[PDB]
Amino acid sequence: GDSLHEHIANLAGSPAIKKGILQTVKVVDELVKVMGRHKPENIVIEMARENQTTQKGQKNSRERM
DNA sequence: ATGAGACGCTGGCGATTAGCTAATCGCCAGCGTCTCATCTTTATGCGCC
Numbered sequence: 717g718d719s720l721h722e723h724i725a726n727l728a729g730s731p732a733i734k735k736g737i738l739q740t741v742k743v744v745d746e747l748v749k750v751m752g753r754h755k756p757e758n759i760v761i762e763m764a765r766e767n768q769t770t771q772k773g774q775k776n777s778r779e780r781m
């Protein structure tokens with residue numbers, strides 16, 4: 717039992733995220749609901765995870781000694 | 001076997017008399033700490049269907 721709301725407010729972390737999530741999810745639901753009430757071909761999203769190099773990633777995480 | 005019907009300075013002043021939002025800008029915003037624990041999550045480091 718998780719409604720279209722609630723489940724978002726059942727997530728882990730800070731409430732700063734819950735607002736944004738509720739916004740984007742309701743936007744997506746409306747987007748599919750407008751364009752013929754049928755699911756689109758693809759949905760592309762942007763992720764904050766980028767690929768750093770080995771040298772820099774080991775240089776910043778090099779234990780102090 | 002006669003005695004009613006016919007009605008004004010106002011407009012254009014002053015001069016009281018009375019009364020009201022709005023546009024511009026500036027100021028200035030309760031805050032101080034610690035303890036205690038609690039969980040996460042991240043950077044790096046190790047494995048083949």
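The first sequence begins at 717 in the entry's author numbering and counts up by one. Beta carbons: idealized from backbone N, C-alpha and C, even for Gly.
- Where do the ends of the alpha helix (DSSP H) carrying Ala-732 lie? 731-750
- Message: I need the straight-line Cα distance from residue 704 to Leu-727, nearest angstrom please.
- Response: This structure cannot speak to residue 704, because the chain is shown only from 717 to 781.
- When the Cα atoms are used, what is the spatial distance from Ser-730 to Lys-755? 31 Å
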